[PDB]
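> Pasting in a structure now, in structure tokens, and then I'll have a few things to ask.
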Protein chains: 6
Amino acid sequence: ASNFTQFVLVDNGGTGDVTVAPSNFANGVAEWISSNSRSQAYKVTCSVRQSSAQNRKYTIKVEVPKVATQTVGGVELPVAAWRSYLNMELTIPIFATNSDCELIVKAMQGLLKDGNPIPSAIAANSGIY
Amino acid sequence: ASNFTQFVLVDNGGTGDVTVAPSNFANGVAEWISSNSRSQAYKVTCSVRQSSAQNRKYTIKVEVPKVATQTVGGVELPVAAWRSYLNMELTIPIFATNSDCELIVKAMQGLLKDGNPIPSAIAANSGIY
Amino acid sequence: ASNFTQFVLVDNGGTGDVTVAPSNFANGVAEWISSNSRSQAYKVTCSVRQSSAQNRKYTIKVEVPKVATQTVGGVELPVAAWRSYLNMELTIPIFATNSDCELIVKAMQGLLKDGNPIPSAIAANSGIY
Amino acid sequence: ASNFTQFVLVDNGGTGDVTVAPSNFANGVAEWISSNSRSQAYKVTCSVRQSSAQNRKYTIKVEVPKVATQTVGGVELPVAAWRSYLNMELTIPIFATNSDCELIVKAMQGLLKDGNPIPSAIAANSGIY
Amino acid sequence: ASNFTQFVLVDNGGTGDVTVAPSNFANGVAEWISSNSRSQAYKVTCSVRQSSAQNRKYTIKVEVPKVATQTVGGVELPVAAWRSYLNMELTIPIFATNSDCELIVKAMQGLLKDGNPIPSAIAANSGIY
Amino acid sequence: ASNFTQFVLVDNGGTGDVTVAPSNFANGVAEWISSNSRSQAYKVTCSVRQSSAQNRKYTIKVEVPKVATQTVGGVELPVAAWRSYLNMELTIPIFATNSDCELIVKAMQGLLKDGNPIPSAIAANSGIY
RNA sequence: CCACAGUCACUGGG
RNA sequence: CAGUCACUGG
RNA sequence: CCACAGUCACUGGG
RNA sequence: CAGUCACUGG
């Protein structure tokens, strides 16, 4: 294998797609970013460690830029107003087989499938009701 | 409407599908569970709070169980051999429009699409390289 | 370029091959792990450091597990009945050229070549006689 | 029968071969030494012992010398400018069968096979990258 | 791709060229060295860290050795008579686009072009006047 | 000689070139700047001193303006968001001949040649991977 | 941070 | 030196 | 806040 | 853990 390759983060249907590509590997922490100023980029980082004797833990972080009214290549302050941060921590017991792990991934995919509660709430600046 | 509906967390092609349903909203934490005993159930929770004066934070949790039947005191009980824990926090600035948020949902969806790096590594019990 | 890739640790023909893959590279310690349950996986770690003003030191560690299924209370878990632990330390002075190093590697390879005393002894639960 | 015989430690084709031969076997420590000046010879030692009730432990040591001629006061002496020191410890539980051991040996051989990460790194005065 | 490749540090027209290659990435410090003994090698290291909330800093180091053969204890050893140390730190604001950065690379390249003031002074063991 | 002359810092191929010219010599510290407001200029400074008994040290500093979305002649704040700083310190042992120094310069040129790792990483808002 | 020093991913000084 | 071994104990 | 830990809307550590 | 390493020191 060798999974550290570029990929499509935001699929806008061929036209207007956001691709992120390998940008760093310092400390086993893999990083991908879109072709932008780091202040306006789409960043993705991932790493794995054995958190305890019983578990392994994947830490995945994603940064998404606020695009509405954005000024490409510009200095936008304050940073906190122009960026969204996603922090994911996946804990998997050392007994999990590959199939067990496939199931876990499926569950994650299902959690965010278009039309489901969570993605629907987020995409609508809403909570659950 | 109401976005607090049931949905399928794990899609196995209509046969062996893990569907999860609304089970609680106490203390502002929306909860869903699979049609199982509370000891062997898949659990999904979600909550939104206004973290800072200018941020909103979504806390989503998913628990994937490895179902098993244990024999305690000569008696057989439905239990979970172990559980996988997904913990994700999403911080979005209040200046994010709905389109801005759809961008975030698409990114999260892209992040886990079959074939991409992260889901590949996870399903293979490996890191990125 | 990268030497932190997956490789075949155990060459059992072209089928029962044990392949080990990059898992984590934190704190100067490269770690490879075979696929499936971490609990039953092969592990390989490696690191180099300047042990003294004149010497560089390598520390390689390998774990060979004896795969087994543990059952307790009627619950089956993939585990390792036990593990064989290989721990080696290689010290090389900074005056060693690439040729000198190639020589060192050859000696290591020869020491373990099929037919030779040490490997023969080990493979037969034996010592020297 | 005897496995305490001479063998080729360094296979440099069929000429510049470094052969090491039995030298002494006192106190459970088998020792091999290449021919000529002891001062410039290759050394290999090996021993097994029951380290615990459950484990047997092997201790292999190898010395690769950098041949050189020292001159002092006009007196020439064959010496070793410096020496590379390999020290390995292999622990194997008493439940290991001959098959289990053969497997362990294969893993050791694979770890050092030409082309693989560890040997490549060592042979190039390099680490992992 | 992967930008961690070998390159020629000193171009002497294909004959007497000093080429340097990846040798380590431990602790997030990318390292390259020339095909020499660690004691006589050319060394290049590079690292990026997010210095401030809005800055990123590249730390690049280059070590140019003056190779020599010293006689210590009547024995001859490959050593370095002395070393020249280049230490450079580049701080770039996160608002810099890729074009902004290309500008920086072009400037650094221009700074050292044959004929220009700085490289002229350095090569002549003189200051600017 | 007399190397304190104007030169092309950024070579954009005849059209759109950035030239810097002598602007100060206070304290032996030579300075060049582009024809801009000092807040938006390209600045280059260089100086030499004998740092110790064994070494001489060249301190070279370069400042590059962020051009994307820049407003020529305008007041851009905060300064830190609009500027990149390069700090170079070159240490050369007093034994270095002119030829030794030419080699050092070549190594610097090679380090930053178009297409090589470092310049490629910088120009792409990336690290090494 | 330093036109601070060194034997330089380390050490020492402002 | 010992251990289910980048960790612990002598 | 943490590529902090867990038995995980709870507990413990920076 | 370190060392010209079945030995020594932490």
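Here's how to read the names in the structure tokens: chain A, B, ... by the order shown, residue numbers from 1 in each chain, ligand numbers from 1 in the order shown.
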Identify, on the basis of only C-alpha atoms (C1' of nucleotides), every residue whose closest approach to residue 2 of chain I does not exceed 12 Å; exclude the query and any residue fewer than 2 positions from it along the same chain; express the result as a PyMOL selection string.

(chain A and resi 59+87) or (chain I and resi 4-5+13-14)

> Would you mind writing down, as JSON, numbers by chain, each residue of chain E that DSSP on the backbone assigns to strand (DSSP E)?

{"E": [7, 8, 9, 10, 18, 19, 20, 21, 22, 23, 24, 30, 31, 32, 33, 34, 43, 44, 45, 46, 47, 48, 49, 55, 56, 57, 58, 59, 60, 61, 62, 63, 64, 65, 66, 67, 68, 69, 70, 71, 72, 75, 76, 77, 78, 79, 80, 81, 82, 83, 84, 85, 86, 87, 88, 89, 90, 91, 92, 93]}

> Restricting it to C-alpha atoms, dump the selection as a PDB file, in the first residue's frame.


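File produced: out.pdb:
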```pdb
ATOM      1  CA  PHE E   7      19.643  16.417  -4.393  1.00  0.00           C
ATOM      2  CA  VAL E   8      23.047  17.829  -5.300  1.00  0.00           C
ATOM      3  CA  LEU E   9      24.178  20.390  -2.761  1.00  0.00           C
ATOM      4  CA  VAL E  10      27.378  21.315  -4.554  1.00  0.00           C
ATOM      5  CA  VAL E  18      28.443  16.664  -3.678  1.00  0.00           C
ATOM      6  CA  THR E  19      25.055  15.039  -3.590  1.00  0.00           C
ATOM      7  CA  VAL E  20      23.148  14.665  -0.339  1.00  0.00           C
ATOM      8  CA  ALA E  21      20.412  12.124   0.490  1.00  0.00           C
ATOM      9  CA  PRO E  22      17.563  11.551   2.989  1.00  0.00           C
ATOM     10  CA  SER E  23      18.967   9.945   6.115  1.00  0.00           C
ATOM     11  CA  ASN E  24      16.489  10.724   8.865  1.00  0.00           C
ATOM     12  CA  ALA E  30      14.263  16.111   8.011  1.00  0.00           C
ATOM     13  CA  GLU E  31      17.914  15.224   7.499  1.00  0.00           C
ATOM     14  CA  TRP E  32      20.135  14.614   4.478  1.00  0.00           C
ATOM     15  CA  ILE E  33      23.824  13.600   4.393  1.00  0.00           C
ATOM     16  CA  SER E  34      26.493  12.971   1.756  1.00  0.00           C
ATOM     17  CA  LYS E  43      24.748  17.572   6.618  1.00  0.00           C
ATOM     18  CA  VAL E  44      21.481  19.355   5.816  1.00  0.00           C
ATOM     19  CA  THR E  45      18.477  19.608   8.138  1.00  0.00           C
ATOM     20  CA  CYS E  46      15.125  21.281   7.852  1.00  0.00           C
ATOM     21  CA  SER E  47      12.095  21.734  10.071  1.00  0.00           C
ATOM     22  CA  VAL E  48       8.848  23.721  10.116  1.00  0.00           C
ATOM     23  CA  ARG E  49       6.938  24.659  13.213  1.00  0.00           C
ATOM     24  CA  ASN E  55       3.489  32.555  11.885  1.00  0.00           C
ATOM     25  CA  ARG E  56       5.276  29.510  10.606  1.00  0.00           C
ATOM     26  CA  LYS E  57       9.022  29.119  10.939  1.00  0.00           C
ATOM     27  CA  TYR E  58      11.421  27.096   8.851  1.00  0.00           C
ATOM     28  CA  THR E  59      14.737  26.200  10.398  1.00  0.00           C
ATOM     29  CA  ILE E  60      17.317  25.054   7.879  1.00  0.00           C
ATOM     30  CA  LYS E  61      20.889  24.094   8.729  1.00  0.00           C
ATOM     31  CA  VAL E  62      23.813  23.139   6.509  1.00  0.00           C
ATOM     32  CA  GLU E  63      27.220  21.827   7.639  1.00  0.00           C
ATOM     33  CA  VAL E  64      30.129  21.998   5.210  1.00  0.00           C
ATOM     34  CA  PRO E  65      33.140  19.937   6.298  1.00  0.00           C
ATOM     35  CA  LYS E  66      36.815  20.304   5.432  1.00  0.00           C
ATOM     36  CA  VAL E  67      37.704  16.591   5.133  1.00  0.00           C
ATOM     37  CA  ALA E  68      40.999  15.360   6.523  1.00  0.00           C
ATOM     38  CA  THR E  69      42.765  12.237   7.760  1.00  0.00           C
ATOM     39  CA  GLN E  70      43.983  12.502  11.334  1.00  0.00           C
ATOM     40  CA  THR E  71      46.395  10.187  13.132  1.00  0.00           C
ATOM     41  CA  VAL E  72      45.168   9.440  16.646  1.00  0.00           C
ATOM     42  CA  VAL E  75      46.042   4.977  13.788  1.00  0.00           C
ATOM     43  CA  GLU E  76      44.582   6.849  10.800  1.00  0.00           C
ATOM     44  CA  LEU E  77      40.965   8.056  11.010  1.00  0.00           C
ATOM     45  CA  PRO E  78      38.608   9.837   8.585  1.00  0.00           C
ATOM     46  CA  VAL E  79      37.780  13.126  10.286  1.00  0.00           C
ATOM     47  CA  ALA E  80      36.898  16.793   9.620  1.00  0.00           C
ATOM     48  CA  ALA E  81      39.567  19.466  10.102  1.00  0.00           C
ATOM     49  CA  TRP E  82      36.740  21.939  10.679  1.00  0.00           C
ATOM     50  CA  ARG E  83      33.174  22.671   9.637  1.00  0.00           C
ATOM     51  CA  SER E  84      31.345  25.696   8.273  1.00  0.00           C
ATOM     52  CA  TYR E  85      27.871  26.185   9.761  1.00  0.00           C
ATOM     53  CA  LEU E  86      24.962  27.774   7.920  1.00  0.00           C
ATOM     54  CA  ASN E  87      21.992  28.514  10.110  1.00  0.00           C
ATOM     55  CA  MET E  88      18.906  30.038   8.564  1.00  0.00           C
ATOM     56  CA  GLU E  89      15.443  30.802   9.981  1.00  0.00           C
ATOM     57  CA  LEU E  90      12.561  31.852   7.772  1.00  0.00           C
ATOM     58  CA  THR E  91       9.386  33.247   9.356  1.00  0.00           C
ATOM     59  CA  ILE E  92       6.364  33.429   7.054  1.00  0.00           C
ATOM     60  CA  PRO E  93       2.910  34.776   8.003  1.00  0.00           C
TER      61      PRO E  93
END
```

> Mind checking which residues fall within 10 Å of residue 6 of chain G, counting only C-alpha atoms (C1' of nucleotides), ignoring those fewer than 3 positions away in the same chain, and posting them as a PDB file with N, CA and C atoms (P, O5', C5', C4', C3', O3' and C1' of nucleotides), in the first residue's frame?


```
ATOM      1  N   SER F  51      33.566  36.340  15.110  1.00  0.00           N
ATOM      2  CA  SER F  51      32.777  35.912  16.267  1.00  0.00           C
ATOM      3  C   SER F  51      33.597  35.345  17.415  1.00  0.00           C
ATOM      4  N   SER F  52      34.691  34.678  17.073  1.00  0.00           N
ATOM      5  CA  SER F  52      35.570  34.081  18.065  1.00  0.00           C
ATOM      6  C   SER F  52      36.985  33.996  17.499  1.00  0.00           C
ATOM      7  N   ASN F  55      36.530  31.472  14.486  1.00  0.00           N
ATOM      8  CA  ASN F  55      35.605  31.759  13.404  1.00  0.00           C
ATOM      9  C   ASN F  55      35.323  33.196  13.030  1.00  0.00           C
TER      10      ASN F  55
ATOM     11  P     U G  11      20.530  20.907  25.400  1.00  0.00           P
ATOM     12  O5'   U G  11      21.941  21.635  25.555  1.00  0.00           O
ATOM     13  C5'   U G  11      23.034  20.966  26.175  1.00  0.00           C
ATOM     14  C4'   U G  11      24.230  21.885  26.296  1.00  0.00           C
ATOM     15  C3'   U G  11      23.951  23.243  26.921  1.00  0.00           C
ATOM     16  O3'   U G  11      23.941  23.205  28.339  1.00  0.00           O
ATOM     17  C1'   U G  11      25.233  23.544  24.966  1.00  0.00           C
ATOM     18  P     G G  12      23.054  24.272  29.149  1.00  0.00           P
ATOM     19  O5'   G G  12      23.871  25.636  29.024  1.00  0.00           O
ATOM     20  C5'   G G  12      25.069  25.811  29.763  1.00  0.00           C
ATOM     21  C4'   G G  12      25.802  27.065  29.338  1.00  0.00           C
ATOM     22  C3'   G G  12      25.035  28.370  29.497  1.00  0.00           C
ATOM     23  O3'   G G  12      25.039  28.905  30.813  1.00  0.00           O
ATOM     24  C1'   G G  12      26.033  28.326  27.365  1.00  0.00           C
TER      25        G G  12
END
```

> Counting only C-alpha atoms, give me one row per residue of chain E with an atom at most 9 Å from an atom of chain C, showing the shortest contact pair and its distance in Å to one decimal, sorted by chain then residue number, as JSON lines.


```
{"residue": "E:1", "atom": "CA", "partner": "C:1", "partner_atom": "CA", "distance": 8.9}
{"residue": "E:2", "atom": "CA", "partner": "C:1", "partner_atom": "CA", "distance": 6.5}
{"residue": "E:3", "atom": "CA", "partner": "C:1", "partner_atom": "CA", "distance": 7.6}
{"residue": "E:4", "atom": "CA", "partner": "C:1", "partner_atom": "CA", "distance": 5.5}
{"residue": "E:5", "atom": "CA", "partner": "C:1", "partner_atom": "CA", "distance": 5.2}
{"residue": "E:6", "atom": "CA", "partner": "C:1", "partner_atom": "CA", "distance": 7.8}
{"residue": "E:22", "atom": "CA", "partner": "C:1", "partner_atom": "CA", "distance": 7.2}
{"residue": "E:25", "atom": "CA", "partner": "C:28", "partner_atom": "CA", "distance": 8.0}
{"residue": "E:26", "atom": "CA", "partner": "C:28", "partner_atom": "CA", "distance": 4.4}
{"residue": "E:27", "atom": "CA", "partner": "C:28", "partner_atom": "CA", "distance": 5.4}
{"residue": "E:28", "atom": "CA", "partner": "C:28", "partner_atom": "CA", "distance": 8.5}
{"residue": "E:35", "atom": "CA", "partner": "C:98", "partner_atom": "CA", "distance": 6.9}
{"residue": "E:36", "atom": "CA", "partner": "C:97", "partner_atom": "CA", "distance": 5.6}
{"residue": "E:37", "atom": "CA", "partner": "C:97", "partner_atom": "CA", "distance": 4.0}
{"residue": "E:38", "atom": "CA", "partner": "C:94", "partner_atom": "CA", "distance": 4.9}
{"residue": "E:39", "atom": "CA", "partner": "C:94", "partner_atom": "CA", "distance": 5.2}
{"residue": "E:40", "atom": "CA", "partner": "C:95", "partner_atom": "CA", "distance": 7.9}
{"residue": "E:77", "atom": "CA", "partner": "C:95", "partner_atom": "CA", "distance": 6.8}
{"residue": "E:78", "atom": "CA", "partner": "C:95", "partner_atom": "CA", "distance": 6.0}
{"residue": "E:79", "atom": "CA", "partner": "C:95", "partner_atom": "CA", "distance": 7.3}
```

> Using Å and a single decimal, report how far atom CA of residue 114 of chain B sits from atom CA of residue 17 of chain B.

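Atom CA of residue 114 of chain B lies 17.8 Å from atom CA of residue 17 of chain B.
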
> Could you tell me how far atom CA of residue 128 of chain E lies from atom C1' of residue 1 of chain G, in Å and to one decimal?

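Interatomic distance, atom CA of residue 128 of chain E to atom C1' of residue 1 of chain G: 25.6 Å.
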
> In Å, how far is it from atom CA of residue 14 of chain E to atom CA of residue 127 of chain F?

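Atom-to-atom, atom CA of residue 14 of chain E and atom CA of residue 127 of chain F are spaced 28.6 Å apart.
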
> Using only C-alpha atoms (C1' of nucleotides), I'd like every residue of chain J that has an atom within 10 Å of chain D; please write them out as number ranges by chain.

J: 4-6

> I need the residues from that last selection saved to file as a PDB file, in the first residue's frame (with N, CA, C and O atoms (P, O5', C5', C4', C3', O3' and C1' of nucleotides)), if you can.


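Ended up saving to selection-v4.pdb:
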```pdb
ATOM      1  P     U J   4      33.893   2.549  22.925  1.00  0.00           P
ATOM      2  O5'   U J   4      34.791   1.452  23.652  1.00  0.00           O
ATOM      3  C5'   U J   4      34.340   0.108  23.760  1.00  0.00           C
ATOM      4  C4'   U J   4      35.485  -0.849  23.555  1.00  0.00           C
ATOM      5  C3'   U J   4      36.582  -0.799  24.603  1.00  0.00           C
ATOM      6  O3'   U J   4      36.217  -1.697  25.662  1.00  0.00           O
ATOM      7  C1'   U J   4      37.498  -0.876  22.385  1.00  0.00           C
ATOM      8  P     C J   5      36.099  -3.290  25.374  1.00  0.00           P
ATOM      9  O5'   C J   5      34.577  -3.656  25.699  1.00  0.00           O
ATOM     10  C5'   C J   5      34.194  -4.140  26.989  1.00  0.00           C
ATOM     11  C4'   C J   5      32.953  -5.008  26.901  1.00  0.00           C
ATOM     12  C3'   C J   5      33.028  -6.034  25.771  1.00  0.00           C
ATOM     13  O3'   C J   5      32.625  -7.349  26.145  1.00  0.00           O
ATOM     14  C1'   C J   5      31.316  -4.449  25.311  1.00  0.00           C
ATOM     15  P     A J   6      33.663  -8.372  26.824  1.00  0.00           P
ATOM     16  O5'   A J   6      32.677  -9.450  27.457  1.00  0.00           O
ATOM     17  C5'   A J   6      33.146 -10.535  28.246  1.00  0.00           C
ATOM     18  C4'   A J   6      32.092 -10.908  29.262  1.00  0.00           C
ATOM     19  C3'   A J   6      32.349 -12.278  29.876  1.00  0.00           C
ATOM     20  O3'   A J   6      32.185 -12.298  31.285  1.00  0.00           O
ATOM     21  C1'   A J   6      30.374 -12.341  28.573  1.00  0.00           C
TER      22        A J   6
END
```

> Apply DSSP to the backbone of this structure and, from chain B, keep only the residues in helix (DSSP H, G or I); write these as a list in words.

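After running DSSP on the backbone, chain B has helix (DSSP H, G or I) at residues 26, 27, 28, 98, 99, 100, 101, 102, 103, 104, 105, 106, 107, 108, 109, 110, 111, 117, 118, 119, 120, 121, 122 and 123 of chain B.
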
> Contacts from chain G to chain E, 10 Å maximum, only C-alpha atoms (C1' of nucleotides): show me the residue list as JSON, numbers by chain.

{"G": [7, 8, 9]}
